Each structure stands twice: as structure tokens, then as C-alpha cells.
Amino acid sequence: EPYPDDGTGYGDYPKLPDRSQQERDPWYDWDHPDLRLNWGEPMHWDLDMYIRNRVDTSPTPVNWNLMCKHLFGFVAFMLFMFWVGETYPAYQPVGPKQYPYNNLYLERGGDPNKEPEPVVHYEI
Amino acid sequence: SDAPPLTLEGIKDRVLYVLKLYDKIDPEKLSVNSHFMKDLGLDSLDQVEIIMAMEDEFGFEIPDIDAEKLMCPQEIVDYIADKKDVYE
Amino acid sequence: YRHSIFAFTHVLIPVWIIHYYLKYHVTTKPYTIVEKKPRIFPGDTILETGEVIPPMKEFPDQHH
Amino acid sequence: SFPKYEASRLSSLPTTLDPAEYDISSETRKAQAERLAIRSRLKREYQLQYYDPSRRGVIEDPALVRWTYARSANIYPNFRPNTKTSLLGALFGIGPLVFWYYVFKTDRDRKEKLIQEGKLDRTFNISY
Amino acid sequence: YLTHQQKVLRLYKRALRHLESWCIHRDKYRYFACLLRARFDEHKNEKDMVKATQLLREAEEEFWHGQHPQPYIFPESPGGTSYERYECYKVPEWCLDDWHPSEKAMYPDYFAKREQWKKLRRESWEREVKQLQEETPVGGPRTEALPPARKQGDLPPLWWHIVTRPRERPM
Amino acid sequence: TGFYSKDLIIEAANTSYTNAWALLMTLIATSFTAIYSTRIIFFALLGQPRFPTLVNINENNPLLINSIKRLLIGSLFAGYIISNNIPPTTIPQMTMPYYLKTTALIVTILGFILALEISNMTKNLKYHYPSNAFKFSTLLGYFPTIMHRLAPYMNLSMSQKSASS
Amino acid sequence: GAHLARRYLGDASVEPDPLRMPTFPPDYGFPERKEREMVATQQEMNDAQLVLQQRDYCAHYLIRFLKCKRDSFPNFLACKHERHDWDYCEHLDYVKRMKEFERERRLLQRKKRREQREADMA
Amino acid sequence: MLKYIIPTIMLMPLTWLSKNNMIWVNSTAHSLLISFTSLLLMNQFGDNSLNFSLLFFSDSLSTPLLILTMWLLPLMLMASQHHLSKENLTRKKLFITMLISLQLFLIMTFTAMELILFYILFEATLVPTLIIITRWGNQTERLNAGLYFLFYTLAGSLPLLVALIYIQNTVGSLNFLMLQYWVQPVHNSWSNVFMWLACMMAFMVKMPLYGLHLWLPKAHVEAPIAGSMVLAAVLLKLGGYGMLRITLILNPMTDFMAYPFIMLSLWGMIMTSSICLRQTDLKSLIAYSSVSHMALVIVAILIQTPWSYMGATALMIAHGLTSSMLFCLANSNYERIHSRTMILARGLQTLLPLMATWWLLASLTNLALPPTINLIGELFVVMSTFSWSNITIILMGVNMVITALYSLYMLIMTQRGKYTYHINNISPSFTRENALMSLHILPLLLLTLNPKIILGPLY
Amino acid sequence: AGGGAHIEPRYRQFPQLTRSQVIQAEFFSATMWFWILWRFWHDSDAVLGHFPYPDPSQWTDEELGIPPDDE
Amino acid sequence: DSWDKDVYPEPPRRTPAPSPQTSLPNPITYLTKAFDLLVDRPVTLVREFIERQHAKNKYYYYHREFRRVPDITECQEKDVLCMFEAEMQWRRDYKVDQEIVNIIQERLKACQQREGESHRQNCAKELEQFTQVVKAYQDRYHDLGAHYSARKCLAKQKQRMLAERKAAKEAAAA
Ligand SMILES: CCCCCCCCCCCC(=O)OC[C@H](COP(=O)(O)OCC[N+](C)(C)C)OC(=O)CCCCCCCCCCC
Ligand SMILES: *C(=O)CCCCCCCCCCCCC
Ligand SMILES: [Zn+2]
């Protein structure tokens, strides 16, 4: 079956099935065991894309459309739940843990000139 | 690997030691040459169970395209011999 | 004998080369090896200057 | 009944669950047999040279040569300018270049205003 | 192609492997192996040739729905953890023709025994070609497999690479 | 070893201005740690053997014992030795409700109990119903089967038909 | 966090915001409030190289504990009492900041009743 | 620069007056001696370049390219011995004459002080290069490759000649030292837009710029081994060197004229890397790999920053050693199986263990593994372009991923896997081939220890 | 490799052991429990709790300095 | 001394005296007595041998000093001979200013390591200087481009000075 004559340069090159090389009898004595080809066999136009180190098209236990629904759903729900948890944080009952000397003004790179407005914390 | 080498006779002992616990063959009638269709007429589907027992015994698994061509307790040793490079 | 040979060529000789490199070449230039100044706790004396830091205030502590 | 398997380009239909292997017509048996015929003629030709002892080199593979010749040197003489190639070529060739021009032009035009006016922070920037 | 007899054997062969993957424990495998074994005998005696195919297709379809997503694979098969693990240690036999004489002199006995095989193959080559051409249809061969050795002395045609292939555990 | 790092994290995670869903996910994960650990022990140590008949189950090679032993010693004393020498650099939280201090321990033990029950339930001769939750987790969420089969197909296909030809 | 159910599934006005802790007036309200004193004024803390978050109010305790570790080496099992003292001192600080949480929560509950009275007066 | 020009000329009498069986020995030895003396050009000062006379000078940009040029001729001679074996004596000595006359033009090109003397020698390199491709290439496509290589260069060179003469009439001089002090800013006018294009399009065709590169996959594929080495190691850097010089007299018009050529390079940098993932020819795969790296040099030169120029100079030297090395590797396989298809000879690591070590090191430098000078040059260009526009990190990060994909796919396809059964003539690696790879890789790695001599005038 | 006690791989049966395997294996199993019990005894606070959690419900409005509702 | 102490300041070191409390020995103290005897002393013997050889044949190298020359502002337009010397002098000063920023940066990094956990406070004089020089360096040499020159540096300054005198002039009119 020649490729469609749409003027994309295919010419009279056979259009073999779009099947990966992993979808071949692994036990048949191949002339090229790794490639799973036979000497004198017309090679697929995209043979270099269907080698075993690349795109595979073997049948899957779960239908393609069903897999996409599950994976996206898990990703979609999880992201939504993270947003809910971000705007509703869980914080224990505590106060603004205090620090002395104007809340560590000089320890936190405070500028000695233009001294800060005094801040103090009382016992309780 | 430290796994002891398999001897030509050692394989045969294992092959028959498995066929002798089938509980569907006569131990005194099964020999190195005992066809499963022409000699004692064993069921074809029993070949599948026979081979599966062989595969579960030696570790490696025989192809189905060549498992169907083996009903001869002597041939199994021949096939395994020509698959683990055993010569003595 | 095997350990002594290994502990000599592979430990003692390199630490002579490294130490000679560090002591007389690396440390002759500014800021090649910069240490962290040792922590100074209350009530300690300095080996170099001999200063003494007065201890901290009386602790209003309690048992347990 | 269990849900039927739905194939795709990235997931082929299993051979067992295909209503084309079980039917045994007169054409199928004389067709699946013919494929094995030529497939064996080629293997015989290959086997003769492979096992020959008076040979030291590479067995030329015409199938391999045709594969590479159709991928590099035969594409242009079989190319016709029509409505598909022109449209496919235009948006793959000129498209991205235009798209990346307005992205980088807009970004750098925005940056320049912030630097002339002093609204972009370059306090410690002395490398460029 | 696969004969309808062969398909049932393959379908039965696999169904136990996937079934064995569900049970794990040996005793629970035996209990269900017999049950699945029985379901074949239920329709085994059928001889319609048109309803057996229908069951097989329903059998194949039934197998797919329940097949284990992650079947056990022996670690030397197409999919195991040690498939082609030793392909790098396997080296052709012609590589020894390029050895230096000094390193060839390390094994004086081994290479003397090799020269005999080259003589054995070189002498046998002419007969093997003659055998294949005469025992093959006029229009060319029709299948794989080669004739065995007919007369004494003659060796099976096209035997060199099958006989002298690298070992399965070179090192 | 592990208590001095793992448990001290759940304490800080529980008692922090955190994300509730993230805080929940960690606790569920800790229970899952027990379940697949019990999977290894049960299927690899208990029950009856499933391995082939002729095997060499040998363990007396001196290298193997020595290599395991040192880490075996380290696996017991590493946490105590390290945690009692590294200088303090934070303010660890030591006061908190009872149900938060031990939340790390209850979930893992609870998962341990749950794992043990589910493991034994496989011994019964009741059949199995292939669940989509089972196939989803078995196939790693289908992520290695969509992306690794989709992205290579798109990129490589674009290289030949668009970029080159 | 039991209180979370109140703030997210109850009334938000009564519960205090952890990021908006009491902006209420100064010490007024608690007669004769006592200022919290400090021991390591400026240089003792910036001589043991205490972390910017550790040296809040137990620096004297933390500084004392670090003194024992330096001398007790390699007896890393020693100084246990020193660590316990700092743990207790930190605990009291934890409760003291915890009191402010309940102190404001009830003040919030008190503050709404007066507003409710004015709305319900007519 | 006479101390290097005259020795190079004397190689021609040496080749023709030598014994019929010592042409390869005398030529190789004496060209190596010329290379050793090239290290004297490193007498570089921080303030003033090295000015020899009224015709020739050398600065930090010329020195690394000159030393690279004279180090490549001995390597070309070693690589050409095999396939020029059955060639008759007279034509073999003509082949060496083309190589020497090519080095003679290159060294004078990289040191010409006046910009029209640069043009003459810049264009003079076409003749010897064209003759090597069209006379000693193997395939029937060498003739059409020669025509593509010739007319692409001249279509850009001829407008450049007009632009240079116009500058001399207006400025009064073309001495590069003079232009540094008499340069005036370029006004924005339609006439000045075409002056900019003439001065640059000549150098864009040789880098090459994406779009104008269709000659490179034809010249670099159909040429002999020595043709590919010099084509992809020095001749591509004539355009990059030319741009670095002539951009002095184009400011500030480069601020906006660089936009069309920065987008072609940045997007073309991803098209060329992608094309490598599907190339069915091992030699053509390495050719397209050259367009991707040289796209980084075009971007670096056109944004005119101190970091970009330092990166551009380092990238040019790093690519020359790494690209020439890859061609030699692909040639060694070809000289055995005499075919260029990449999927023909596989699993070669089982039969040629050491030659696969050279494959590994070559690929690591190709994908810019630190701390190689391949990475130093590429990194500096990435740093500079981030300041230009932070979004460029997206495109320069994607190209990094694709670069590692085709670099290691080539390594895996030919070295790993399983060997081809019917290919049985993979003889061991000769000392000539192993030494050829060691003379590419050792200097490439040594430069990592003192990389400041390849960072250019702005170091 | 190593000492190589070379215990023959027995056919269907329990594999052979040695005196060193069990004694050493049992030694560490008892060590784990000894270490687990010894540390649990001395400092059980780390696994159950260090300080009691002060319930704020069982407090008084006076210690907290709440002004009277009557102003 | 090796390097001038003023260029690279270092506050005096204060090593707190040891004060053991435990009865066990300090392993480091004994190692220090084994390192200084089997490593430090043998290395010193070789150095003293090498040092003696140097003193026998002392010879000196001098720090090149550059005579001042007219700046670009004192050169006539298109006067190469006067523009050449002015341009070269500018390039040397650019190199010197690059190293000055390296001296300041080196001092800033040393303070952060020396001061430990209190670096954010004790390192205030260095950081002020680092911001001081970097601002000066940025104005003198930045945005000039790869083909930088004295002329472009002069033009950039004249752009800044004009925008400053205009700003100063119009500030009084506010
Ligand atoms: C405090 C926090 C809660 C603590 C309790 C733990 C959480 C509850 C789950 C415990 C049970 C368990 O994980 O079961 C573990 C079982 C065990 O394998 P099996 O398939 O039953 O048997 C295998 C052998 N066969 C086939 C012969 C019977 O696998 C499963 O479940 C499989 C499904 C896993 C995914 C489900 C969780 C993720 C949901 C999100 C969408 C997939
Ligand atoms: C408040 O901050 C609690 C945070 C802990 C989250 C886990 C809650 C798990 C509740 C399960 C019920 C246990 C009741 C004792
Ligand atoms: Zn050859």
C-alpha cells in the first residue's frame, strides 16, 4: 500500500503497519535479534523511531482512554485538594513567640542610627 | 555463579523424577523412549501441564512453538542439553 | 606489614605533601583558610590576651 | 459481556482479540502462506552468503539502501507545492519565529523602561 | 499460522501462568488450577468447528479482562530481569583470526584444534551447496529448515554458526 | 536509627503552621511504610517456599556477613550517637497534646496490624475481582505508560516530518 | 488542632488570628504588669554564636548548657541535667505564649457581648 | 607573522622533493614542528595587543584560532593516509599541497590587520576547499555539494566587498587599529540597514545561520576525511571571527538589527538538535550537530557583552576539537564497513573496546560535561543571555536536553546493543587511529587546567 | 570466594546450615531487644511524652488578667 | 610578613582556654601531640633546608610602575597617537578597579565565615564598603559593551553629569 499521494515526498515507499518492533515474535530466529528484522525485508519508514529503545505500541491491559481519565483525575483532584489545604492551614494555639531587645533589632541587621520604636513584652 | 554445572545424565534424573510424580503415568512403563500419543496415549493438554512442570523445575521456560514438538522424555533432556550448553 | 605499607605511602606521605602545601603556600596568602572564631562562653580566660569574661547574672532557677 | 478493547496508534489491538485471525477463507491460507514463501526465498539467499567461508566483508542489503534513499534523497523529487505543504510549512517555519519575536521584544521593551526610570533594581549588578 | 489446536494449547498455557500469579501460594494454586482445568473439559468433546471458535473468542476475551497486570516472567525470557544480561560477553568466533601471534601462542593446543574445524568447514562447504540446490523446488525454497545429512561423512548443510555459536554463559 | 529523625519530624509536622492536606498525606504515607514492609517479610521469609527444587541457599561467605554486620550495628546505634553530639541549632518542640506526640507510632503500628490481616486474607481460597484501584497502583499510576509512550512519539515524529523533511 | 473546627466550621470573630495576634491596648488591663527581664544582655549572646532563633529568653540556660558540652567531651552522656533545665525553661516560654492565645480568645468573647448589647438595646 | 608563513610555504618543496615513500613522514613531522613554535604567540599583554607590522598582528582572539589551525594540519595528514593509498604518487602530493595552501591562507586570514586583506584571504580559502571536496570525495554527490558550497558563500561575500570599500572611502582607512579610534556611531537609515546586512550576511552563511545552512549537510558529508575536519574545525570560525571584528563599526544599530538573527539561531538551535535524533547517516548526524553549537556563537556575538564574547571564544575552540574528533571516529568505522548508515554496524564496543572509550569521551564533551571548556564556553553564553532576556533560559535549557539525547543515542546505537552477525571484518584499531583520537582529546582536557588562554581579548 | 564452607546444594530438602550463622544471627536479634528495652526504661518520655499538656479549659479568668465583665 | 595587614584586616583572635570537667582524656589533645611530632616537625626540617638554599642566591623582582599620561579628555579628536596612550592607560585602570572589587568582596566573604552565626550584625563595615565600591564600579564601567573604550566611558559620564546638574538646577525650583 503506497503512502497517500499528498505531495509530501513519500513516493512509492511501502506503508507498513505502525507497529513497534517490540510487537514481534521474540523467539523467532531473527537475522537481527535486537532490531527484530530480516535481511531483505522492507524497513518501516519510521524504523529508527520504533526500535526497542524508543516508542512502544504493545497492547496494554487497561484501555488507553481509561488510563488517561484516571491519571488526570488523580492529578486534578490532588492539586485542588492542596489549594484547599493552603487557604485553611492547621496551626496550633500559640502566640507571637517573643524576642528581646526590640525583637532582636541589632541581631537582625538593625541600623543603629534612627533607633526603632521601643517594643516590650510583659509577663503572663 | 556457584551454581553446579548440569551433567548430561543429571538432567535425565530430574526429568524422570518429575514425570514420576504426575499420578497419571505408570512409573514402570515410562522410560527414556515413551511417546505421549503413540506409546501410552497421554492427552495433548497434559503436554502443556508436563512442560510447565519442566519449566518450573529447571528455571528457564521453553517456547510454546517448540514445546508442542516435545513428547519424549529423552527429547526433553536433549532440548535442555542444547539450551544450557551441556556436553558431558 | 601490608597495613603499614598502605598506612605509609597512602596516608603519611600525602599528609606531608598536603601539610607542606597548606602550611607554607596556601596560608601565605590572605583568606585562603578562614576559620570560625571560637565560641566564647561566660567565665573563660583567653590564652592570647588573658582577658576574663564575667559570669552571667544570678539564675532565679528552681529544681526540676 | 466484558468491555471491548479499544485500539489506538499507541496501543495496538491484541491479536487474540481481533476478528481477523480465526476466519480461515481460501484467500487467507493462500496469502499467509505466500508471505512465508518470499520470506524464505530471501532467507535462503542470505544464508548462502552468511555461512560462506570465502567471504570477509559486509553483505549489502538492498532493503536497507532503499530505506535511507527514500528518507534523504528521494523526498524532494516527490514533493508538490499544494495547499497542505504550504500551510504546514508556513506555521511550522514562520510561526515559531514570529511567536518568539514578540515574546522577547515585549520582554526587553518592558525591561528598558524600568531601567531608564530607575524602577528596576540593579544594586549589585556589575556583570553582564 | 497457528492451528486451532495450537491456539487452545497456548490459551491454556498462559491462563495458568496468570492464574498462578494470582494465587502465589502453591496450595491455593492447585485448587483453582483443577477448576480452570475442568472448564476446558466441559467443552472439550465438542466437535462443531463453528461453536468451538465462538467459545475460543469468548475464551480469549475472558482471558484479557482477568489477565494479571504484572504477570510473573522467568528471568531469562522476553521481559525478565536478566534477559540478554550476558549479550556483551558473547563474542563471534572470527575475532580469533585477528589475534596477534604472540597472544595466539599463549594457547598452542586450542588453536590447533580450531584449524581442523576451518578445514572441516572448508571441505564440507561445496557439498552443502550441492545438497541444498537439488533438494529445493525449482522456483526456490518454500519454508525454513534444511535437510539433515544423508550420507555418512556429510554434515548438515548450514551448520557452522548454529554449531559454533557463543555459549550462553561465556563468563 | 530512624526514630531520632523520622519521629522527630512528625512531631514538628503535626505542630506547625502547615498545609492540612500535606500534613494528612505524610501520615497516610507513614502507615503505608508498614504495609509494604510487611509485604516483603511475609512473601520472602514466612509461609512455605516457592522457589525451584535445586538451589544453593548459602550465606557463609565471610564477605557477605561482614559487610552486612557493620551496617547492622550502625542501623541500631547511628541515631543515638549522632543526635547526642550534634550541637543544638533550633528549638525542638517537646510539649504537645497526647494524640500528636504519638501520632507517628499509632499510624505505623495501625498500618502494621492492617497489613498483617490483609496478607493472611490471601491464603483463603476465595477468588479475586480485578479492581481498578489494583491496576492503577500496579502500573505506577499509568504515568510511565502514557508519558514515556506519548512524549517520545510526539517529539520524534515532529523531528522527521516537520524539522527535517 | 481542636480549635480549628471552631475557626473554620464555626465563628471567625471569636477565634484569634495567629498572624493577627492581639493588637489590643498596652499593659493596661492587667494591673502592675511586670516586664520580662533578660540575662545575656548583648555581648554574652553574641559571643557563644547562638542561632538567630534560639537566643530568645533561655540564652542563659542555653549558654550554660553549651558550656558543659565543650568540657564534657567525649562524655556526651553528661550534661543531661543542663539539657533538661533548658527544656523546662523553653516549656514555660511555650505555655506563656500559649496563655496569650486563651487570654485574647476570651477577651474576644467578652468584647462581642458589649457590641451585642448596643445592637439589642433598641 | 613571517616566522610562521615562510615555514608553511617550505612544506610544499618538502613534499615534492622527498622520497616517494616518505611524503607522509616528512610532512607530518615538520608540520608538527611548526605547531610547536605557534605557542610563542601567547606573549599577550593586558592593555595592548601584539602588533608585528603594517600587515599582521595578533591578539587574544587570533592566538587560540591560529594555534588550533596549525595543530590541525598534522592531524589531517594522519587521517588521509588510509584512503589515499592506491592513489598515484603525483595526485597524492597535489592533495597535500591543497592542505598546506589552505593553512597558509588561514594563518594570514586570522592575523590580517587590514580588513580588505582579510577579505582576499577569507575568500581565497574557497579554492583549495572546493578542490578537495570535488576531486577526492567518493560519492556522485560531491559535484553538487561543491556547487552548493561555492555559490552560497559568494552570494554573501560579494555584497561584503562593496560594503568594505564604502567604509574605507568614508572612514578613510580599514586598519583595525585605526577603526578602534576613528569609529563613529551608525545612524538609523534605510541605507544603513543594508550596510549592516552586507557586513554580516557574509559571515552568517559560514557559521552557518539557520536557514542558510543547506550547504553544510552536503559539503561535510561528501568531503574526504581531511575536508570534513578542516571544514568543521576552522572554516566555520572564519565567520564567527569575522563578526567579532566587524561589529566594532556597527553600533548602535546592532541593538535592533540583531533581533531577526537571534530568533533564527535560538529556534534553529532546537530544530537542528532535533534533526539529529532521526538522522539515518552517522556522518550527517555530526554535521547538523555543528549548526546547533554555532547558533550559540551567533547569539553571543550579537548581544555584545563581556561575558558573551568570552563564552563565544571558548565555544569556538572547544567545538573545533570536539567536532573534528567525532568526524575521525565516524571515519574509522567507515574505513572498515565502507558505508555511512548508522544502523549498519552495531555493538562495536564488544569488538573495539578502546575505540569505544574515545566515543564516550567525545560524547561527554559534545554534551558539555563540566569542567570541560565545552561547558565553560556554553555556560558563559547562557549567563550572558539571561541578562539579555530571562526567558531565553527556556530555549537554552531545552536544547541542553536534546543535545544529551542525540549525543548518547549515537553512542548507544553504534557501541552498545548487539553486534551485526554478517559484518565480520572489524579488525582491531591501528596505532594510527588511536593516536589520532589521543591528539584531539588530550589538549581538549588539558585546557581545563588553564582555560584563560582561550577566553579571548575581554578576559 | 572467601572461606568457602562449600555446603553442597541439596535436592528437595532444607538447606544445610552451620554453627556460626545461627549464633551470630541470634546474637543481634537479642541485642536489638536488649537495646530497645534498656532505652525505653531509662527515658520513656521521648516515646510517650515529655511534659503534660496544660489544658486551658481548666484555668481561671483571674490568672489570665481578664478584666471583669462589669467594667 | 607575606601580605599587608591593612589591606586585609583581621580582628585579634581570642582562643578560650580549655577547662576540662570529665575524667576521660581528650582524644584530640593526644592526636595533636602525635600530628605535631610526625607531620609538622618533619615538614619543617625540609622547608628549613629549602629556605637555606634560597638565602644563598637571593634575587629580586620589581613591581612595574606606570608613568601617568594624558587622559582621553585631553586628546584632540581623531588624534591616534594621543588617543592611543590615553586609551591604554584607561584599560590598565579598569583592570585595577576590577581587582579592588575583588579585594572588597574577599573581605566581605571572610567576615561572614569568621563571625559565624552572628555574621548578620558583626559584618556591617564590610557590607557598607562593598555597596560603596560596587555603586562606584557600576557607574564607571557598566552597560558599555564588549567593545568598551575610554570614549564610551567618557560619554557615559557626561550623560550622568548632565542628568545630575539638570536635576540639581530644577530641585531649587520645587
Ligand atoms: C491513618 C490513615 C489511614 C490508614 C489506613 C491505610 C489506608 C487504607 C488502605 C489500606 C488497604 C491497602 O492499602 O490495601 C493493600 C492491598 C494489598 O494488595 P491487594 O491488591 O489487596 O492484594 C494483592 C494480591 N491479590 C491480587 C492476589 C489479591 O492493595 C490495595 O489496596 C490495592 C489498591 C491500592 C490503591 C488504594 C489506595 C489509594 C487510593 C487512591 C486511588 C488509587
Ligand atoms: C490539630 O492540629 C490536630 C492535627 C493532627 C491531624 C491528624 C488528626 C487525626 C484525627 C484522627 C482521629 C483521632 C482522634 C483521637
Ligand atoms: Zn578503506
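Residue numbers (my numbering), protein chains in the order written: chain A, 2 to 125; chain B, 60 to 147; chain C, 7 to 70; chain D, -16 to 111; chain E, 3 to 173; chain F, 19 to 183; chain G, 79 to 200; chain H, 187 to 645; chain I, 42 to 112; chain J, 194 to 367. C-beta atoms are modelled at their ideal positions from N, C-alpha and C, and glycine is treated no differently.
Cutoff 8 Å: residue i Cβ touching any chain J Cβ
i	result
residue 143 of chain G	no
residue 63 of chain C	no
residue 108 of chain D	yes
Contact with chain H by residue i, beta-carbon distance below 8 Å
i	result
residue 110 of chain E	no
residue 260 of chain J	no
residue 149 of chain E	no
residue 128 of chain F	no
In DSSP terms, what residue i is bridged to
i	result
residue 3 of chain A	A/15
residue 298 of chain H	H/242
residue -6 of chain D	D/-9
residue 113 of chain G	A/123
Buried or exposed by the 16-neighbour rule on C-beta atoms within 10 Å, applied to residue i
i	result
residue 180 of chain G	buried
residue 12 of chain C	exposed
residue 232 of chain H	exposed
residue 57 of chain C	exposed
residue -15 of chain D	exposed
residue 423 of chain H	buried
residue 281 of chain H	buried
residue 561 of chain H	buried
residue 178 of chain G	buried
Short CB-CB distance (under 8 Å) between residue i and chain C
i	result
residue 266 of chain J	no
Residue-level contact to chain D via CB, residue i, 8 Å cutoff
i	result
residue 160 of chain F	no
residue 289 of chain J	no
Whole-angstrom distance between residue j and residue i, CA atom to CA atom
i	j	result
residue 428 of chain H	residue 182 of chain F	29 Å
residue 46 of chain E	residue 123 of chain B	20 Å
residue 52 of chain D	residue 621 of chain H	35 Å
residue 127 of chain E	residue 37 of chain D	10 Å
residue 75 of chain F	residue 109 of chain B	27 Å
residue 163 of chain E	residue 256 of chain H	50 Å
Interface flag, residue i vs chain G, CB-CB below 8 Å
i	result
residue 113 of chain A	no
residue 95 of chain A	yes
Start-to-end residues for the alpha helix (DSSP H) that takes in residue i
i	result
residue 258 of chain H	248 to 265
Residue i at chain A interface by Cβ criterion, 8 Å
i	result
residue 71 of chain E	yes
CB contact check: residue i to chain F, cutoff 8 Å
i	result
residue 71 of chain I	no
is_contact[residue i, chain I] using C-beta, thresh 8 Å
i	result
residue 73 of chain F	yes
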